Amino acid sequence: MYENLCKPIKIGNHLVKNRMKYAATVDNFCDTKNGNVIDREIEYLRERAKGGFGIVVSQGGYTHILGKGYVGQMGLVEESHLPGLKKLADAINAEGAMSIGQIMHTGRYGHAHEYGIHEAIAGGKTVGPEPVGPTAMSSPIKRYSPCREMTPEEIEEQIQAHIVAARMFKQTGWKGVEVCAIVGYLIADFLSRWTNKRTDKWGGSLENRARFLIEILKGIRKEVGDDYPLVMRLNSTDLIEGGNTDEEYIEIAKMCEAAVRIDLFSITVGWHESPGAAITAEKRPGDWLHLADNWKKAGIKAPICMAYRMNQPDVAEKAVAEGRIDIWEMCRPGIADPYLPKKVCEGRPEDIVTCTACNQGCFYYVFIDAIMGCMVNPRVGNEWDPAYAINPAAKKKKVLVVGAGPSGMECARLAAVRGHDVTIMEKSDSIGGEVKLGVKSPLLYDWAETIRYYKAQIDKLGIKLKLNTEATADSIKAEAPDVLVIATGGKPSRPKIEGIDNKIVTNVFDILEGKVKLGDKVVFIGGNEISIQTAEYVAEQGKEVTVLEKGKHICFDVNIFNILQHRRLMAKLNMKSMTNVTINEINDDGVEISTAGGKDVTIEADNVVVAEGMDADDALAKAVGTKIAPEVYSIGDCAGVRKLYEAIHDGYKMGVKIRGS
């Protein structure tokens, strides 16, 4: 089935068992106090190595405290870092994966001041804790504080710190070393003409901008020797106006190859300061592969690997078969499913837990200096935790799950995996719940992969799925289970609005279930994520859509990474929006609003969608109580409205805790 993905490859002298690479992932799992590798990190990367990845890259480790850009970033500075690095490499290597250590000083994106650092020694001098760059400047992004200009001595010291970092990985058993020269971190800052305004030998011409990187590579190569795998990450496109051209990145890569033997090029898209789309659901698998083509026709000798929304085995298989890339590189697909390569090579892609590019647990949690998580994978950051271990139940119990939404299905899946006799009762004709409604939204197309995954799991695990079956007190009693799991989800709220009883008033459920005929003008009351995604579905159909929000902002519950994605779509679909509006009443011809400035305006509508929020659909739970079965639990939105991340996590936690005694 995936002959090309499962084909081996030589990276330097090292034979890699397949063409699947798990990319560097800072996750805030290392010791926040000192940058040491701890059990949370070890077990996280061990799961990717057990999952079958031919290559497993560590997260980018800082080379100096000023280069620390994440609260729990791994450190590559002191002798006290060595024991942890050895444990990490042992764990990856034992599984048969090629361990690769990444070196990443975050430069302009450093946040040492936020990590209890009040001063540091840099270039033999006492300095403040501010980020460093080739040129003293500010960021368009408020998360990044103004940087200080590195002295030539600090530059020389950082080259040596990179050599020492590579020495540290090699002495602790890592199979190779990766230089992170991307996305706006220190090296990328010297490479880009946007960040590098130096007039000495470290800036000006492209040759000078590349010097810091070249000297780092030359130094590492001399340190580790000729036989040791030296790989690197470099941008193919920075998506920065006034940055380097795509062709300049190729010239830099050519300078790299001429300086040292590069054993693998990982090619990347954008900077953290880039406004445009790079990693979102706006980009589909293969949307960036033309860049890999240009590197190949430019004559780059080293094998190439590429990630960046490559979440499909079929797309990667073709890309590798056609020689566009030599290795399928991935980060978020490996967060979502650490066993993706094992599934690809055993010919079961239907078992893949696909990353939907939600950017919640991964990007967003890491950037707000929180412990990384994953929406679709509740095990992320918990592989090391005994409370998340999946253990066979000795005494099989009869488990009745009410509701085939994500929380119900994840619970049923885990309870069946552990050996319980599981039944799902679902009132509609199909599984998915609100995920089955959301999949209709333009940016939620990868939610069909979540449906496909759970549909295939129910089948394989022998879960008794009872579709078109509304669970009642009587049908639960007839079933007589040992454990009743209520996972009936949420329902649209009914706020106290004048004229809410109008015929014009509908809800997000009736829209997505096709239970309402919509006109040419559709007006949404509510500016939350659910209201916006439904409005995008209504607008895609070529309808005139207005979103009215009483609060200060629309998309208020949408993480920073998805905000711009929604702006682009709303503009593209000619969607109108109003904020700080008072909803006065709903009537026959639309909705009467009063702006924050005092303007009374009539919003013309053929349909009024009241989408201010969701209530817990807890009628069944209130009707049956806690005594209808020996064990009664409520999970997901029926236990209190949260979102998809919490529903899936509640399901996993419910599924693992169902005891056998």
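Sequential numbering from 1, following the sequence displayed.
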| Comparing 407 to 415 with 495 to 503, which has the greater mean CA B-factor as deposited? | 495 to 503
| Out of 112 to 120 and 163 to 171, which one has CA B-factors that are higher on average in the deposited record? | 112 to 120
| If you compare 401, 277, 132, 331, which has the highest Cα B-factor in the entry? | 277
| note | Note to self: of 518, 487, 325, 376, the C-alpha temperature factor tops out at 518
| task | Going by the recorded CA B-factors, say which third of the chain residue 588 sits in, lowest, middle or highest. | result | highest
| residue 245: which third of its chain by C-alpha temperature factor? | middle
| Chain-relative CA temperature factor third for residue 557 | highest
| How does residue 39 rank on Cα B-factor within its chain, lowest, middle or highest third? | middle
| field | residue 64 CA temperature factor, ranked by third within the chain | value | lowest
